[PDB]
């Protein structure tokens, strides 16, 4: 079938499936943001999708970013009616450096880049264009609810 995608700015990029049978469409950052230990942000994708009713999108981590960095993405449940900007819900869960500073910053590959500041160690720079998350779409069941006193069939 087809999934409609709107790009909402010049900074947006069509999501992308790595191989032909891969679960997820890789999702790209539309923003450049510095995120220091213990900091939280919603990173904009500048992408809207129209998931049909009877499916849910799971906006979720990539295992390389996840395993190799302190960047923790809380999986977002994207409803069928939602035509807004998909935001990536992120925390840098590194423990604070208590003021050790260094001239480099980490990127989402776990490598060190040149920065515009001498920044606290454990700080990441997410750059516009970074392949930061993925979007997996799964069918759902959304029945009517019946309150009962008894069910019937850690």
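Numbering follows the first chain given and starts at 1.
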Where residue 1 meets residue 2 in the shown sequence, the number of deposited residues left unmodelled: none
Average Cα temperature factor in the PDB entry - higher stretch of 98-106, 51-59: 98-106
Higher-B stretch (mean Cα B-factor, as the entry records it), 84-92 or 110-118: 110-118
Residue 142 - Cα temperature factor, lowest/middle/highest third of chain: middle
Record-listed C-alpha B factor of residue 31: chain third: highest
Residue 39, C-alpha B-factor rank within chain (lowest, middle or highest third): lowest
